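Coordinate-derived values only; no laboratory data. With ideal geometry, Cβ positions are generated from the backbone for all residues, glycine too; neighbour counts draw on all protein chains shown.
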Amino acid sequence: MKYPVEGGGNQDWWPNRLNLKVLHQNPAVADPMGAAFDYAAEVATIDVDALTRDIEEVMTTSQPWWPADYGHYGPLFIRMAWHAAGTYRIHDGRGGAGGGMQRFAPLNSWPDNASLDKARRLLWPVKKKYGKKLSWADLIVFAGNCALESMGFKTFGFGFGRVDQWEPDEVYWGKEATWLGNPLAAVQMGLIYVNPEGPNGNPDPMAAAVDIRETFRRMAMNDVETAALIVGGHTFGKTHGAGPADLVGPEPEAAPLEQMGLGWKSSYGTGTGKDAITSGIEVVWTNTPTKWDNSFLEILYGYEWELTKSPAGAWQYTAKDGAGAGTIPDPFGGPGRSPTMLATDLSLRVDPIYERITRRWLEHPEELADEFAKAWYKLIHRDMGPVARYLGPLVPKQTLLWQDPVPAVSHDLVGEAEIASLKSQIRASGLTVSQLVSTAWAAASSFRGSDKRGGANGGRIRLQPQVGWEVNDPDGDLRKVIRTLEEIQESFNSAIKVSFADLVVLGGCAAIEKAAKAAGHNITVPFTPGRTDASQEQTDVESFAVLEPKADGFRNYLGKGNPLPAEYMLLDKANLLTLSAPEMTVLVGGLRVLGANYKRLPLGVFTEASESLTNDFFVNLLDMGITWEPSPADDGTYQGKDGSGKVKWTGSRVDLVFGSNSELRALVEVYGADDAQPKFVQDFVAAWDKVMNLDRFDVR
Amino acid sequence: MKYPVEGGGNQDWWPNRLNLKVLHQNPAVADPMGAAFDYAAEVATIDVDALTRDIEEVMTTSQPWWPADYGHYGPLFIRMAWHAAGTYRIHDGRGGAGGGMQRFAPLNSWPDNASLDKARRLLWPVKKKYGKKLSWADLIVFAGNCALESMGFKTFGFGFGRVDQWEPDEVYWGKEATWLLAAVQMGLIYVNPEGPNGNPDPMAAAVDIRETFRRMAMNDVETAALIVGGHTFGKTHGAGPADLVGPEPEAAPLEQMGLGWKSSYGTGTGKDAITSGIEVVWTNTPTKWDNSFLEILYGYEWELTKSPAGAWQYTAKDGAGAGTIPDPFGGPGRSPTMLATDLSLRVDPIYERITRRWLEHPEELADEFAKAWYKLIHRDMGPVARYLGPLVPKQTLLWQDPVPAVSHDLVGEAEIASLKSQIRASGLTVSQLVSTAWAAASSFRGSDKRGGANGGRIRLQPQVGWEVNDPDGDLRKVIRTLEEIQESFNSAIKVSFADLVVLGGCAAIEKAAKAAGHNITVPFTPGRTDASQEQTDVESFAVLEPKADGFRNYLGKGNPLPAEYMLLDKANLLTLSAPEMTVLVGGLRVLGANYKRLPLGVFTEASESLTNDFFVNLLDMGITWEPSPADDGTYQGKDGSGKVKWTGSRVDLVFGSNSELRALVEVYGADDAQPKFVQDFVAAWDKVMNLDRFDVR
Ligand code: HEM
Ligand code: HEM
């Protein structure tokens, strides 16, 4: 229907086709830094003092193509930071500022990130003067933070380490196929949090409060943070509004080329500064919108508000009787204005929940500072991962209970001879292979490569938020495996201290070695030590209530509330784990033949003899002498009807896909060859070593 | 609108968004074999003597879930190769057999490749026995070529080498959004069998076939070789009206394991399957070679009747031939039948002569069909240095872009410096050397690997006269100076011509780098030869003429899109990637490599000096842009005070507009990256100049 370079390919002929482009996004070819570049080794060598001494400079020179309000840019950079790490939705994990996606995406065109392309273009001198030693995400967010600092503040700190990706990330943002139309977080399509004029353009404070709380909750922010975040943020800078909001041009994706990749080039007046239009509201919040103080709340409790319209054609509030008419300084010189407020932010005065936590902030005006610093530092470094990546000399030392704190190694890391000793001690009185893998896999499947939260490290697999997960059948034998592993741990220690997660991954390794040896290959899985155990008080039970996978194909289990059919979720779960197209298929075959099945069902297994790591899943799948017909009980299962009329195999919806979707058919059509056995077991161990070492960030 | 794993973003909100996901396609991540796996090295060990002894067996055994007419699959295989090497489009170069795209693509769902999805399954007991030492594409077109030989025929040869791919390539097949360029009806690989556009008249079928095949290099005499030589084998499954067939494979319920067209009529297979909806049985012995097709084609006079499937097919009048055709599964014989496209060869005046001439002695038909089939198969492989295996018919050909054998003593870099010296110590300027070299290595298409810098065709008639290489400019001067150097060098180990072309290009890059302060050594691998004017035909090169070489900022007439896209579609052929594309475009813009001396695009104040000044001067926001008052697709870089300082084109400012490429320009446009930029430019350049060097890699 249209050319490929414009769109094209397939998907113009099929609406819902299993698109295999999401597995290998962000390839190593489109990386202009090269194939041997380590960002963690470079970003530590910048002189953050010199950088801090430079961003402070770019925040004072009013560039002539976009004038500076009050001769300072700080507000704009804080807004940039907030709209850069305000997309992080915990329901799946994708988004956030961990990829700096605000540059190129549907993000750099949402009808709220308007007048933000100019904000990024402002920072070009600093990135130009530094080069490859400053990834764009780090520059944006740290510029916001250093602005907040420069405008009079004492921040909690900051840490570099976010890496850039050079291709847009595909994330589901909303069913509404038009701007302003459960896995979501922005109540509109294109909004970040809330329609500034109240939900659905309706300026009601109560609905605004309900909605703003129901939105922030999908980003793990409490009730005290939300109030702190909003207040501390909007105590800075002004709005942008002039004539009718319909005069703005197109967005920086359908804009003409002479605009150098900008947008919203307003034709009204000179087009910038005193007449620039962006959100269609015209409000100044404080009375000195360029430096910090406890004044926004005073205005929040200083005048009684009544609704009005906007000179730009929008809804807002304004003090009655002309109170304070002409008391707030002009953004570019001129007579005073009237103290105004947005629609939502009045909720902080009427809503009874926020009232108890805002009325306290009139007196004790200092507590606002620390709470805002904490909430901000939480909003920033939310998608960086464990503590071991906070590079640079500005990170604090104290840990926070949301960081998933993992205590540092306080003993000698185990040795190699001890590794073989533990192998022998675990494969002689441990348990079957189908158990030592299932528990091990479950300890490394809570990972999410979106924000690198959770995983094998910490050993949380034996604590409350994960043992009770129904996906790891609690009334099964997982607790018995836990008892055995802890007792062999303490026995070897009584016989250099080995932690628990170390031993879990070692059990998985020894089980895979057992299966491979049963298959006829003396192969070894590479194991590196360097994990520690977490305690119940350092792992929040409620925070981890989202990692519980609603659909996990690699163990063949689907739950309830599943958005898409039970097949696509396999790739989705295989996309967070950052698995290439081959490493997903081989891993599926391995887990299927190894008996890593939820409740030990006879689904997925395609072998007459289990616990033997062979390619018997694939060779037996592609056989055409069997006919597949949906099950008679109609439970989303199928039946391997043979040529004799006897049911032979019984796979699930996540299996027969690996023999149907003509693309994924190819990868199987390799590992199922006659001489593929010396390759399968060798390509499998690689993928298994890759999964079990995703959260190993202290050494990689 | 929909989830990413099923549909995606970045497309619904804006349809006309420059999609860079077409550059990184076929990456190094989705490769099961992993990293290296030199396919050109593995297949050198397979026993074609044994592979033939196995495909011969898989054909004679009738599978129980798809019987074989007359107990032989030879037919269904012969077609499979054809529809696997019939997706060639000469006007672009994509498709072809060398992509193995017969599997995962819209290709395996077109309402023409029906029932063929079964054939890919009949071959599994063959590939399973070999695995990685024999890719699909080679196997598909071999089972094609190897079914002919096993059926009373001495073909011309065969060669492996078509390394497969692991993701569906992106190709434009047409504008219609419904089934039924090069194909005449969307989905139908070639001609709608029931006459062009459903009109059952042979005279129109002939004028359609002529133009259609003319889009795939086949002449007028190599056409009748195929059709007559291709439809001597096998029948056409079409019993029963084409109304009960299942859905297409890409959208079928999974209990079919990716097989499409689950026919509910009758038993569903065998003597009752449905493929295209025509019941026709050509020869009287449809599983061996003989001069039978032409015999029946002239044996009677024809008349149009209806089909048991509801299509228009023909049948001899007079009621003769009652039962003269063997029943495909034992029983009463049908009447002598025929398609609609075949009658063209009886009524069209052009094919009439050759058809009449093939009936006096059919050995000429055998030979012509042999050569035509060989051309139909080994077209998507290009240089003769890629053919592997024993069965290569290494004698010669004329359409293979032939080059003489590397005969003289090569060079051992002891004099390469002197050549790189005399090319500046007795030659021209950098703004001409890089221009002519890049021109001589721009006639390349990583699809079928035709053209290329090899052969030294930059001094021959088909390429010297192209418009994009302005002949009135100075190309002749550069070529004559290079010739004088070559002749002055061999009198004292002889060096060819394209040798000196790319060597002067590299030495000019070195000169420009010295003019910047980075004494960088360009790599160079000798071993290319110059072809003559006779072995370089003119008719097959008229397509390689670039219609929009965005690298050089040249826009011809005949672009379906603006210039901003015709750069990618160009930079997608050369097997480039976004970093290399940006770097190479910047280098060619700053080194003065436009098809004139135009200052259009140059963003420097001291040319002929390789540097990143283009990138850094592009991004400065203090410079505003607006369309020039000439309204000739040129923008006017207006400075802040009202003066003209830069003049760019659509191919330039796209790097300032499109957000993805903006990141790359940001990277190379720093200040501690000029060494990185010049080094990566040298690397990408040596990648371009060494695309067709297949005799070494
Ligand atoms: C949570 C609800 C929020 C709403 C409804 C909201 C809405 C808005 C609106 C309508 C504007 C004016 C846009 C324009 O002038 O074009 C704005 C700007 C701004 N926002 Fe937000 N925002 C929210 C959250 C935040 C947060 C979390 C922060 C900081 C942590 C923040 C900091 C700012 C600042 C400093 C500006 C001033 C921009 C300038 O001076 O140019 N806002 N916000
Ligand atoms: C204008 C060119 C062509 C037309 C109109 C045409 C038409 C057709 C049609 C409609 C079928 C029915 C498919 C089926 O029943 O499975 C068919 C089958 C077949 N075609 Fe073609 N085709 C063309 C080119 C070729 C070429 C170039 C070859 C060989 C080099 C070829 C060889 C065959 C064979 C052997 C079959 C029988 C397959 C079987 O019996 O399993 N055709 N042709």
Subject >> Separation of alpha-carbon centers, segment B:147-171 and segment A:5-55, rounded to whole Å >> reply: 37 Å
Original post:
Under 5 Å between amide H atoms, partner at least 5 residues away or on a different chain: which partners does residue A:22 have, H built in plane at 1.01 Å?
Top reply: none
Subject >> Exposure proxy ranking, count of Cβ atoms within 10 Å, fewest first, for B:133, A:320 >> reply: A:320, B:133
Original post:
If r is the Cβ-Cβ distance from residue B:347 to residue B:243 and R0 is 41 Å, what FRET efficiency results, to the nearest 0.05?
Top reply: 0.85
Subject >> Within segment B:391-465, chymotrypsin sites (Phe, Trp or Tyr not before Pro) in DSSP loop having at most 16 other beta-carbon neighbours inside 10 Å >> reply: B:399
Original post:
Can you work out D for chain A in µm² s⁻¹ from Stokes-Einstein, where Rh is the Kirkwood radius over C-alpha pairs, the temperature is 10 °C and the viscosity is 1.306 mPa s?
Top reply: 56 µm²/s
Subject >> Cα pair distances of the protein assembly as shown binned at 10 Å [whole percent] >> reply: 1, 8, 14, 18, 18, 17, 13, 7, 3, 1, 0, 0
Original post:
Which entries in A:679/B:375; B:514/B:687; B:557/B:638; A:378/A:452; A:133/B:511 show an alpha-carbon gap greater than 26 Å?
Top reply: A:679/B:375; B:557/B:638; A:133/B:511
**OP:** Sort out for me the Cα centre separation of segment B:108-143 from segment A:247-285, rounded to whole Å.
**Re:** 56 Å
Subject >> Estimated inter-spin distance, residue A:682 and residue A:495, nm [label 7 Å along Cα→Cβ] >> reply: 3.3 nm
**OP:** Report, in deg cm²/dmol and to the nearest 500, the calculated mean residue ellipticity at 222 nm for the protein assembly as shown, where each DSSP H run with n ≥ 4 adds -39500 (n - 2.57) and the sum is divided by the residue count.
**Re:** -9500 deg cm²/dmol
**OP:** Counting other beta carbons within 10 Å of each Cβ, put B:179, A:166 in order, fewest first.
**Re:** B:179, A:166
Original post:
So what J values fall out for segment B:331-341 if you push phi through Karplus, 6.51 cos²θ - 1.76 cosθ + 1.60 with θ = phi - 60°, rounded to Hz, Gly and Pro as x?
Top reply: x, x, x, 7, 8, x, 10, 5, 6, 9, 5
Original post:
So what's the net charge close to residue A:496: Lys and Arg +1, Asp and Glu -1, counting the other residues with Cβ under 15 Å from its Cβ?
Top reply: -3
**OP:** List the residues whose amide H sits under 5 Å from the amide H of residue B:337, counting only those 5 or more places along or on another chain, with H placed 1.01 Å from N in the peptide plane.
**Re:** B:281
**OP:** Divide, for segment B:421-569, the radius of gyration over alpha carbons by 2.2 N^0.38 Å, where N is the residue count.
**Re:** 1.09
Original post:
Under a straight-distance cross-link criterion of Cα-Cα below 16 Å, which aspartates and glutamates are reachable from residue A:497, leaving out those fewer than 8 residues away in the same chain?
Top reply: A:412, A:416, A:418, A:486, A:487, A:533
Subject >> Rel. contact order, % - alpha carbon contacts under 8 angstrom, at least six apart, segment B:548-675 >> reply: 22 percent
**OP:** Report, by chain and number, residues whose modeled amide H sits under 5 Å from the one on residue B:624, excluding near sequence neighbours (fewer than 5 apart, same chain).
**Re:** B:638
Original post:
So what J values fall out for segment A:212-229 if you push phi through Karplus, 6.51 cos²θ - 1.76 cosθ + 1.60 with θ = phi - 60°, rounded to Hz, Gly and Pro as x?
Top reply: 5, 6, 5, 8, 4, 4, 7, 10, 6, 9, 6, 8, 7, 5, 3, 4, 4, 4
Subject >> Modelled FRET efficiency - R0 41 Å, residue A:408 with residue A:560, Cβ distances, 0.05 increments >> reply: 0.55
Subject >> Anchor residue A:309: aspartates and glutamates whose Cα lies under 19 Å away (excluding residues fewer than 8 positions away in-chain) >> reply: A:197, A:204, A:246, A:275, A:282, A:321, A:345
Subject >> Radius ratio Rg over Rh of segment B:100-234, counting only Cα atoms, Kirkwood formula for Rh >> reply: 0.98
**OP:** Compute log10 of I(q)/I(0) for segment B:548-675 with the Debye formula, placing one identical point scatterer on every Cα and leaving out solvent, at q = 0.16 Å⁻¹, to two decimals.
**Re:** -0.79
Subject >> Backbone N under 19 Å from the residue B:40 label point (7 Å along Cα→Cβ), restricted to segment B:113-148 >> reply: B:133-139
Original post:
If we sort A:451-460, B:367-376 on the protection proxy, mean other Cβ atoms within 10 Å, highest first, what's the order?
Top reply: A:451-460, B:367-376
**OP:** For segment A:69-167, count the residues as N, evaluate 2.2 N^0.38 Å, and divide the Cα radius of gyration by that value, please.
**Re:** 1.06
**OP:** Give me the distance in nm between label points sitting 7 Å out from Cα along the Cα-to-Cβ direction at residue A:222 and residue B:632, one decimal.
**Re:** 6.9 nm
Original post:
When the convex hull of the C-alpha atoms of segment A:177-231 is computed, what volume per residue in Å³ does it have?
Top reply: 84 Å³
Original post:
residue B:303 to residue A:642: FRET efficiency via 1/(1 + (r/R0)^6), r the Cβ-Cβ distance, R0 60 Å, to the nearest 0.05?
Top reply: 0.75
**OP:** Please turn the phi angles of segment A:95-105 into ³J(HN,Hα) values with the Karplus equation 6.51 cos²θ - 1.76 cosθ + 1.60 (θ = phi - 60°), one per residue in order, whole Hz, x for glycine and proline.
**Re:** x, x, 9, x, x, x, 5, 4, 5, 9, 3
